[PDB]
Amino acid sequence: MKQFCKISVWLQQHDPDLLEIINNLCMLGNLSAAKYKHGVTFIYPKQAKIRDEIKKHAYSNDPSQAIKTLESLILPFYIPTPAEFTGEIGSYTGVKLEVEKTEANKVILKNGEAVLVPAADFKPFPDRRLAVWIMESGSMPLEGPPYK
Amino acid sequence: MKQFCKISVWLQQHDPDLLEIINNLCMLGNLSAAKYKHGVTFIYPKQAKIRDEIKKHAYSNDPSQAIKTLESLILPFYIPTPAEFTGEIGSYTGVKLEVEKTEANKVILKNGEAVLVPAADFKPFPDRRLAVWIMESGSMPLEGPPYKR
Amino acid sequence: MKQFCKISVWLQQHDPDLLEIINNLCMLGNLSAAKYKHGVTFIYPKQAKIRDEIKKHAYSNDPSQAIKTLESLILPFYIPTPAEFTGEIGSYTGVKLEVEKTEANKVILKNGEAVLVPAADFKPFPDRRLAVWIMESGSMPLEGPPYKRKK
């Protein structure tokens, strides 16, 4: 597929292992559109270290930290471009995201220096309020003041 | 499986590739029973020509024509026999279907000359309002006056 | 997976064919948590004899007997230990389950002498009201007096 009505379809092509972890943690709903949900923005960790730690925790006898990391990577907002990375937005952790620097096709966040670039091959269908960014380096915030 | 509580289970046995496209185009709901739905009737294109065109469009940079075709093949009505192929019915394109020709076990539609025969191997559960027809030739209406809702 | 947020993940690891049948018979909801549902307790038949019989019926032209057997194996209650195998409980057949005897880690039921031991490798996520027992021998009651269901 080259156009996407669901983020899972893109993830099934880009990292089916991570999609299986998300399904195995009963988190597919976090990733999915819902009527009263502003949107979904998924932050895909480029660097294998973040993903390997998710996998190791996910398949352990306490997958609690894999769940919280995945919550920090999923925003119940539709944020397609650098312009929309403002205001009271954040992940399924309540933590508010703050922009440090913006470029034409890149955002850098405070509180972890997450370097985020839109996934070049993620194009939603025209209704769909879905976005995928690649986190090239840094970490998404785990703790901090909540957005409200 | 030989009696079916879901059309997807029948389709998985005949053309799993097509079911994957339906899933990947977020159209599994169209295919599924619902409280507010008269039923579901699925029109399976027998001719590999139609399905190959669906696959090529679905995996292209614009799957709009795959979506439109799949919508034309899914009726949110329960139409088990030729007798019930009448009235204000049609697909998720909204186009009213008009029968040209009827037989005991076949309907031929106007607006594409769709030739439809009930699938010999699809029998729903007694409490499921599901039907599957096989389109032997022609095409389901894409365009036309809408049925009333 | 070593902790389970849904029973399907556990069953996929032990008998994926059986999970596919439950999906294909539109019984995943029986196996799933729901807001006003006391819980889910799944009885896995250890003996391949019982599971092969479910498989033959499920792939037949009338899978009704596969449905009934699977309904008898799924309880819309959370019963994690022998202590909770009491009261007005039973499977989706509606048949009341009655304990004959309990041990520290086993229950033996009337009406079939079902011998049930909690699955050693099933731990729910904290606060998921899910349980899996292994039926080592006997059969879960198929017919019998109904338990009193909530409204």
# chains A, B, ... in the order shown; residues from 1 in each chain; ligands from 1

$ select_by_dssp --residues "chain A" --states "alpha helix (DSSP H)" --output "MDAnalysis selection string"
chainID A and resid 7:14 16:24 48:58 64:72

$ write_last_selection --atoms "C-alpha atoms" --output "JSON list (two decimals), in the first residue's frame"
[["chain", "number", "residue", "atom", "x", "y", "z"],
["A", 7, "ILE", "CA", -1.45, 3.85, 10.71],
["A", 8, "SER", "CA", -1.26, 0.07, 11.34],
["A", 9, "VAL", "CA", -1.08, -0.56, 7.58],
["A", 10, "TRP", "CA", 2.06, 1.57, 7.31],
["A", 11, "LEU", "CA", 3.54, -0.01, 10.43],
["A", 12, "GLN", "CA", 2.83, -3.49, 9.13],
["A", 13, "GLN", "CA", 5.14, -2.65, 6.20],
["A", 14, "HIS", "CA", 7.79, -0.66, 8.06],
["A", 16, "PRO", "CA", 5.65, -5.62, 11.63],
["A", 17, "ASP", "CA", 7.45, -6.66, 14.80],
["A", 18, "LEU", "CA", 6.56, -3.37, 16.50],
["A", 19, "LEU", "CA", 2.99, -3.62, 15.27],
["A", 20, "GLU", "CA", 2.78, -7.09, 16.87],
["A", 21, "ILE", "CA", 4.10, -5.67, 20.15],
["A", 22, "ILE", "CA", 1.42, -2.95, 20.00],
["A", 23, "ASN", "CA", -1.31, -5.55, 19.37],
["A", 24, "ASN", "CA", 0.14, -7.81, 22.11],
["A", 48, "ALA", "CA", 17.13, 0.45, 17.11],
["A", 49, "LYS", "CA", 18.05, 1.00, 20.77],
["A", 50, "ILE", "CA", 14.65, 2.48, 21.65],
["A", 51, "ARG", "CA", 12.81, -0.28, 19.78],
["A", 52, "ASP", "CA", 14.92, -3.10, 21.27],
["A", 53, "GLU", "CA", 14.20, -1.81, 24.77],
["A", 54, "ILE", "CA", 10.48, -1.76, 23.94],
["A", 55, "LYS", "CA", 10.73, -5.31, 22.68],
["A", 56, "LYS", "CA", 12.73, -6.57, 25.67],
["A", 57, "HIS", "CA", 10.34, -5.01, 28.17],
["A", 58, "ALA", "CA", 7.28, -6.08, 26.19],
["A", 64, "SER", "CA", 4.82, -1.83, 32.13],
["A", 65, "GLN", "CA", 7.72, 0.24, 30.76],
["A", 66, "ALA", "CA", 7.09, -0.88, 27.19],
["A", 67, "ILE", "CA", 3.50, 0.33, 27.60],
["A", 68, "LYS", "CA", 4.54, 3.74, 28.97],
["A", 69, "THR", "CA", 7.16, 4.20, 26.23],
["A", 70, "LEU", "CA", 4.59, 3.36, 23.54],
["A", 71, "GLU", "CA", 2.14, 5.78, 25.17],
["A", 72, "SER", "CA", 4.78, 8.51, 24.89]]

$ interface_residues --of "chain B" --to "chain C" --cutoff "6 Å" --atoms "only C-alpha atoms" --output "list in words"
residues 1, 2 and 3 of chain B

$ write_last_selection --atoms "N, CA, C and O atoms" --output "short mmCIF file (atom, residue, chain, number, x, y, z; two decimals), in the first residue's frame"
data_model
loop_
_atom_site.label_atom_id
_atom_site.label_comp_id
_atom_site.auth_asym_id
_atom_site.auth_seq_id
_atom_site.Cartn_x
_atom_site.Cartn_y
_atom_site.Cartn_z
N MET B 1 -14.11 -23.89 6.71
CA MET B 1 -15.45 -23.50 7.17
C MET B 1 -16.50 -23.66 6.04
O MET B 1 -16.24 -23.30 4.89
N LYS B 2 -17.67 -24.20 6.38
CA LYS B 2 -18.72 -24.45 5.39
C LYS B 2 -20.08 -23.79 5.67
O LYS B 2 -20.92 -23.74 4.75
N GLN B 3 -20.32 -23.29 6.88
CA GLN B 3 -21.42 -22.38 7.21
C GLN B 3 -20.76 -21.15 7.79
O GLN B 3 -19.72 -21.27 8.44
#

$ residues_around --residues "segment 128-141 of chain C" --least-positions-apart "4" --cutoff "9 Å" --atoms "only C-alpha atoms" --output "NGL selection string"
:C and (4-7 or 10 or 32-33 or 38-47 or 50 or 69 or 72-73 or 77-81 or 91 or 95-97 or 109-120 or 122-124)

$ closest_atom_pairs --of "chain A" --to "chain B" --cutoff "8 Å" --atoms "only C-alpha atoms" --output "JSON lines"
{"residue": "A:1", "atom": "CA", "partner": "B:59", "partner_atom": "CA", "distance": 4.7}
{"residue": "A:2", "atom": "CA", "partner": "B:61", "partner_atom": "CA", "distance": 5.4}
{"residue": "A:3", "atom": "CA", "partner": "B:61", "partner_atom": "CA", "distance": 6.4}
{"residue": "A:4", "atom": "CA", "partner": "B:25", "partner_atom": "CA", "distance": 7.6}
{"residue": "A:5", "atom": "CA", "partner": "B:25", "partner_atom": "CA", "distance": 6.2}
{"residue": "A:6", "atom": "CA", "partner": "B:26", "partner_atom": "CA", "distance": 7.3}
{"residue": "A:9", "atom": "CA", "partner": "B:24", "partner_atom": "CA", "distance": 6.4}

$ interface_residues --of "chain A" --to "chain C" --cutoff "9 Å" --atoms "only C-alpha atoms" --output "CSV table (one decimal) with N, CA, C and O atoms, in the first residue's frame"
chain,number,residue,atom,x,y,z
A,24,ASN,N,0.0,-7.0,20.9
A,24,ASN,CA,0.1,-7.8,22.1
A,24,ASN,C,0.0,-7.0,23.4
A,24,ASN,O,-0.1,-7.7,24.5
A,25,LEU,N,0.1,-5.7,23.4
A,25,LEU,CA,0.0,-4.9,24.6
A,25,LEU,C,-1.4,-4.3,24.6
A,25,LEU,O,-1.7,-3.4,25.5
A,26,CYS,N,-2.3,-4.7,23.8
A,26,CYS,CA,-3.7,-4.2,23.7
A,26,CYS,C,-3.7,-2.7,23.5
A,26,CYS,O,-4.5,-2.0,24.1
A,58,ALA,N,8.6,-5.6,26.6
A,58,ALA,CA,7.3,-6.1,26.2
A,58,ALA,C,7.2,-7.6,26.5
A,58,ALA,O,6.1,-8.0,26.9
A,59,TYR,N,8.2,-8.3,26.2
A,59,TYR,CA,8.2,-9.8,26.4
A,59,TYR,C,8.7,-10.2,27.7
A,59,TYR,O,9.1,-11.4,27.9
A,60,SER,N,8.8,-9.3,28.7
A,60,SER,CA,9.3,-9.6,30.1
A,60,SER,C,8.1,-9.9,31.0
A,60,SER,O,6.9,-9.8,30.6
A,61,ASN,N,8.3,-10.2,32.3
A,61,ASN,CA,7.2,-10.5,33.2
A,61,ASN,C,6.6,-9.2,33.7
A,61,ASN,O,5.7,-9.2,34.6
A,62,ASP,N,7.2,-8.0,33.4
A,62,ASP,CA,6.6,-6.7,33.6
A,62,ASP,C,6.8,-5.9,32.4
A,62,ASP,O,7.8,-5.3,32.1
A,63,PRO,N,5.7,-5.9,31.5
A,63,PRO,CA,5.8,-5.0,30.3
A,63,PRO,C,5.4,-3.6,30.5
A,63,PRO,O,5.1,-2.9,29.5
